[PDB]
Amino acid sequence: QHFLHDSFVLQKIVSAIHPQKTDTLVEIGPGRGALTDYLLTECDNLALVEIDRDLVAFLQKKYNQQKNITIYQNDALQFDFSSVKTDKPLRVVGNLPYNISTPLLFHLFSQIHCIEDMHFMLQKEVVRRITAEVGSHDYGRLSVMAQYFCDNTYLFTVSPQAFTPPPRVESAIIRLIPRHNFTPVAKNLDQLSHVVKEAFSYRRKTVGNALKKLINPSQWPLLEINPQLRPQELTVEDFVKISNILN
């Protein structure tokens, strides 16, 4: 676990989020509450989600007199964010390890109607992948799903020296904002997830070969997609189009 301790970074995070007392926030991976201590004065309610028993015990001692802090000892990967009963979508924030980043994001996406926006500290590489340009070596399954669900923005890089103990690599803050008002929509989100997972299973296949069990040769022209391209060359809407012809 890497705990953020640099006050400049911490304040920079608060500024990016711009918490308001209208807001209900959920912080995943609060650590010692370094960021929490800034946030609790700026919002209506702040729920902390953490699986570690010792961390939670420390947090409970720290915040049991704090009216607007609520603490959940739960697995964030299984957490039902709709169980935080409030009138408005939640603002999610947090500090995530690499190994849990994709599954936590996908989990949040599956409940995205519950979520106003997200600000996370992640390993810089993950942020690059989330915000990757079509065609790049960083553009893959994570890129495609995250960019289908959200408009995503790299905000700034954070050096290892900001954390205790320090990570081995650069970190970064990313903003993800659920999209609305776009067309075409994927009519079936499971179909979309399957198409994209299959497409990127073997990155060096042509998409035609990758998806040969799903799309036959006569269908590629209907999608106006060149099946000789590798999947990394397809746009998010290309994948949405693939998904929709299957439903």
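So that there is no doubt, residue numbering starts at 1 and follows the sequence shown.
In this entry, 212 to 220 shows the higher mean Cα temperature factor of the pair 28 to 36 and 212 to 220. Once the C-alpha B-factors are averaged per stretch, 64 to 72 and 190 to 198 rank with 64 to 72 first. In this structure the maximum Cα B-factor among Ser143, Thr153, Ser136, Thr164 is found at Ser136. If you compare the C-alpha temperature factors of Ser15, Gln232, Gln228, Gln20 in the entry, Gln228 comes out highest. When all modelled residues of the chain are sorted by CA temperature factor, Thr86 is found within the highest third.
Sort the chain's modelled residues by C-alpha temperature factor and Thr157 lands in the lowest third, per the entry.
In the PDB entry, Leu59 places in the middle third of its chain by CA B-factor. For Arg128, the recorded CA temperature factor ranks within the middle third of the chain's modelled residues. When all modelled residues of the chain are sorted by CA temperature factor, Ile100 is found within the highest third.
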